[PDB]
Ligand SMILES: Nc1ncnc2c1ncn2[C@@H]1O[C@H](COP(=O)(O)OP(=O)(O)O)[C@@H](O)[C@H]1O
Ligand SMILES: Nc1ncnc2c1ncn2[C@@H]1O[C@H](COP(=O)(O)OP(=O)(O)O)[C@@H](O)[C@H]1O
Ligand SMILES: Nc1ncnc2c1ncn2[C@@H]1O[C@H](COP(=O)(O)OP(=O)(O)O)[C@@H](O)[C@H]1O
Ligand SMILES: [Mg+2]
Ligand SMILES: [Mg+2]
Ligand SMILES: [Mg+2]
């Protein structure tokens, strides 16, 4: 949808596409001596949006080049008798899969394979999980079937949708027309919040005694700045207000801080640590006994159920002939 | 060319050589006369002489087996601080139709034959390589370890079938490569480490090793008499025609043949060799060693100017085969050479 | 390379040579040529610009082609003596820690020798060594050019295996053999090799002399080295070649000989040396090659003295040099 | 184009190539790959670009000189005097072409009465199966299975086509893997000598264009001509490949394409063409380690791709015994070859007679009888049942490809014996050979059987009841109670009890197959 | 593609390099040592030749290692913009052949021709290498020839040449563990051999310490730069004096007591200083030699801290080179003791870490 | 093959999907003799739009 909506947009996966690379290359024609350059997926877009599936499969050369492409928006290529610098002013929108194939909440870190260097360049990081909600599945199924039924007759799902052509032209118009900048009063509040967030991150790192895989740097501060500026630009205003910065900080918290801080998870870790000691290898325990023991400790039952489900997925816990009593394997 | 014509008018020389052959020590004398400026290694020189004489070129086309290799291939494995290179140089300079290759310097296409086009005329489809130019001659290979598997693939067929098959675009042919190989090799560590076994020291596939008739494991005993003799000889460094005529006459005038006594001696030698080489750690034996024994016996029969191979020749061949590999001093159940 | 401007590439010219001037110059030589600059009228493929164009060429009429070794470098006196002996003649390898000037000694050796070549590594690898066919004539590499001279190789351990095998063949057999598609030749290379490297049995077994340069941080030696370097950088001259070339040329004219009696003495020494090597189980190599190297060094020293008969002092100095190198 | 044969080569010389020209009726004969005698003339034909340097040339005898303004300079003078360069080349014109050594009715008519008598005498001998084995391979000792397989491959099966447009293979492919010096290349050389149309190639010597085909331009006309490769010259013959592992993987891909489609497709130099390659492949390969590992399956001992591995009809494995009496029996033969150059051979049929009989035999296309259908069905059923878990692992695993191979081998046997239909004897022989080719892995059976029985009992207990289960002592007691009718004395009973207890301990602790829980 | 300079130099002396280091790049916050080192590259040493044809290197080389977002690439880009002959060549962007040179057979004539690489084109210039750690080993072995002697030897049968490649190198490499580990010694983090480290004149390590006041300063600077708009451009729109005019945002109210040097005058002064040829004095030679001996003895005394780079003979040449660069900074005729002291301070800071 | 004159040049980039209105014609460079080793075709003029 982003590829279709933006005036300029390229959709690619890792390793490029069918017959087009992800980064540009340079060759020399032997017959007639001309320096030919082949357009890559990044060079072909200027001011557009590049959607990238399968972020994990990239090759080494492209992985190294994308660092400069994301940071300085330029690529530098030198060969015998030639040195060139190409422009690539692209926004990046990437999707990736879990390391183990599905997310493991209790493991926390190590669910992401990317080194912190590449993760630093991103502005916002979203984490999505298949969350168990019995009554939400009914609504999702009904929504899907309603969409399938209504696709045949009327493309009028919502009363006030902007038409795709109108939305495209309006986005282009706003992008070309004006450009906003921050305000000092909002700037000071942003500074204070950023200092507080950095202090909290350092405190979390020192208390947990582990290096954070998703750090908070100056680039994230500039990311919040850029998001606020974009929100201001959406209204054609030359200067932003406090509300824009507040919304930007809310979004930044919801995405990045929830990604980096990944009491519920710590409490689940406590339950796992307790169970590992309590569970006797080569012995059986009734689920009712565990439920009673942990509810007398006043821990929620849903956490215990989720921990048991995760152990079942890992394979340490197995059911007997009757599901009332479980036993421990390795 | 000259051997295939009756140019032995020198009846005086014929009588002199035929009288010399009846003397007992002439064998050793030949081993002495093969190289005056080379050291006490008489076994190596005897092996080279037997290589020079060569086995009988029998005809087996009626059998359908194909060509039978009648020549001798020898290997010398040792540290670089020895005189194997000088031996290869002397053999190259002594025998006509000689070629010399060294390590990675040659390629697979460099040997056999390669496709060309004339710089003066339109075409010259194929041009011979190092091995074919060595047909009916001697090829000396040095630094045999560094050669890649691609060239060893060629050597596998060359060393046994005596023929080469080439099949490329518009070029399908079979060529004759009836050469004799003198190969030199080094230990993997450039030292003969006594803790490792012989096979581990050499590090060559058994298929390639089995085709060598004789293998000489050069070792340093550090004997005082050896040091004194070699020092005196080297510091003191500061009839060829008769040998030539004798070698040509023997090589061109006698066809060795063997009786049942030699047959049974060869069979006994074969079963004894199989018994000895069964134990792991040492180089195992294969049926081609029997043919190697036959070839050495025929060469020794040629040395004595005899058309009949006697049990003496077979016993001498067995002695050389045993001594070359140093199987007597080697520990049969650990594969470690001792002194 | 001195006259090339900044960032450009050397230009080439073509010379034609007449009867007696023929057979004077060889590839790789530095020459001075007295010539006439004349054009050649060219008729051939059509061109953009009308008129009479031509190609230029030069018609020649005449072509013209112990002591201190590298006094700028402080220390290494014994290594300098060994270098002198190698230059005079009858293969030396240096292994050293980084920061010790091994490359500059090889550069000095290249500049001093009449016929010399200097290689730096993979830049001259492959076809830069051995020889290749070009439009047909066969053109040689650095080893071929340095025939009957001295060759210098830097960063020896970083070379490809094929180059090292070729170098070993040159050192031991003194000829190169090439058998590839289009080339089937044996090349004559009667040159002695000096090699430099960073920290194997191959070097000990194949080479004659190895010099290990270890940087032990002694205060006095380091302070003297610092003083020497400051002197060099400030006064542009060491603290207080043509003659050396003439002396070497005069020296190489003679050929001493070994008498019969001294053999016994030499023999005794050799035996005793080996016995000591057999006593010290930590020792690595002794063989007749060491005796040959000692004889060659003694003959070189006798040649330096211009004596017809080898003497005792030369043998003692060769023994001392080998002992110093081994230690 | 013709080439000088190998037997005429002098020392270190490449064979000479010559051009032959056929006119009118003689044009038909002399196909590519033949070995023929020519009778004709040797004739001189002019050439153009031979002389890069001036040579002999012609001119006119008239004493003519130029005139001012028309002086006989270079070009005009040469054109006026009619100067031509005398360049020539040697060309052979053929008037008679014959084979060097010489549609079933046509073959029968070609043979004379004595040749037909010999063929009929050969036809009705059972020893034809035996004597052909010894005739083609007199010197090689043992390995009669390989000889029988090679003969069956030589005779071959019958190709067929279906109504849907598909085609079915009629050829047989054979592979030999063995330890060093087990006469592995001798079979290849003997088949190369015997067959009239056979090509022997090593793995690395032959290039991709050396096989398949090449396309070049005609000298005179605008058309194109095709240079045949090894597979095309061996069409409807045998191709021998030694050192099969050394071939490039892409060359192996091309070989597999030729084995499956039996067609070579060329799209080059403006020419699109399809050519038939109905070859039978005999290949020799070495083990990965240089020796066969008895403890591993065939797929783990050879570096060959799965498709080409499945395409081969028969695999033969040779292993050298260390110190058996055969070492004597081998030696007696080898010296017999050296002591007796030619008198140590007792061939029954000459090679020419065998070639004639093979040519006659390959024409037959026997059908499949009705009883043979059920016999083959039941034999394939038994073969597949052999793969059951009651016996040790085998090197192969049996699929429908084995059934098709059995049918092909039955057709080959019928062709060899010249019978008009496939009969149960041939089916039995093919079944025997295919079973003997299969080798069982040697490392144990009793331990596996006991473990399987215990697993069966425990899982039956688990599945049959939602109630409580048994313990280790209960399992031991149950197994002993079941054995009760099989052990006659207390000593055997206690020994088996100790053995089963140790086995159960190993299963629970070492193998982790069975789980143990506390009270 | 005179009075002002003389007056400014003669009046300022030390303040010349002081302000030049301070006013190197307002867009980058802090890191005085790296600015000093970059200025030393810009000024450079002195090339020297002797009677025997011996060549002595005069170029400087630097390697920076730091945590992400410490603005190493910004520094590289600024050096690219300011330096006259600057070429950027990242790790895997250019291989060993495209770095130095190559030989090609001309099909038109059959002769052999030489094609220059990146380092040969940058004669007496600057090559910037971003992501230096990703470069392969063979490329670094090739760069050895340029870094040691400044020449490239090329040979293929039919032609051989020695091309000039005198050059200076900037390099930035990430730590092996993604982020620099404090407890482990720098040798484990860098993961480079001693020879390559000795090839470089300077090593620097940069860290992102999360001090609340330092973070406040960084945020202030970044947002001041962000809010700034070019004069003469209307708000909301889309898209020579020696000392720069004071700016309310780019400089600040407190900085009114000092000023920054204009870019154009800075370039002119840099060129003039690069022209000037200073000479070493007798006062400082013994002083530098004694301090080199002191460092090589302190090798045993430095027990509380580890060493980033080994101390070899190249360190003394580096000392002299940095002294001459500082003497170039302030236009004069001879090298004095203060330049030696500054060089030694730089060496002490770079060569050891806590 | 298409012929473009004057202002029609550079209006189309390779890879575009275009609809073109034109005149179907043949080249006219005199009555030249056929070339090459193939001379089967008689009276064939190369066509274009
Ligand atoms: N003994 C010495 N005397 C004078 N200068 C030295 C000495 N040892 C080293 N140097 C200096 O140190 C540098 C060593 O660099 P280089 O010789 O290239 O090292 P390597 O040869 O080990 O690569 C040289 O530039 C040289 O000026
Ligand atoms: N069973 C056998 N009978 C007769 N000769 C044999 C036998 N096995 C081996 N040989 C002899 O040993 C040699 C084996 O070499 P070869 O068959 O080329 O080995 P491979 O084919 O494994 O490379 C042949 O020359 C053959 O004469
Ligand atoms: N000291 C500093 N002063 C100003 N901005 C900085 C500083 N350090 C980091 N930044 C900001 O952080 C970003 C770092 O990006 P980059 O230079 O690519 O980091 P790296 O080169 O370490 O990957 C820059 O956009 C820069 O604006
Ligand atoms: Mg060096
Ligand atoms: Mg074989
Ligand atoms: Mg960066």
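Note that the numbers count up from 1, one per residue, in the order the chain is shown.
Even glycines carry a Cβ here, placed using N, Cα and C.
Record check of A:292, A:296 in Swiss-Prot: the feature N6-acetyllysine is attached to A:292. Note on A:13, A:18, A:213, A:269: Swiss-Prot annotates phosphoserine at A:213; no matching annotation appears for the rest, which is not proof of its absence. In the three-state DSSP scheme, residue A:213 (phosphoserine) is classed as coil. Note: the Cα of residue A:292 (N6-acetyllysine) and the Cα of residue A:213 (phosphoserine) are spaced 37 Å from each other. Its Cβ placed at the centre, residue A:4 (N6-acetyllysine) has 9 other Cβ atoms within 10 Å. Cα spacing between residue A:213 (phosphoserine) and residue A:4 (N6-acetyllysine): 33 Å, rounded to the nearest whole number. Of all the modified residues listed here (A:213, A:292), it is A:292 whose C-beta has the fewest other C-beta atoms within 10 angstroms. DSSP assigns residue A:292 (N6-acetyllysine) to a helical segment in the three-state reduction.
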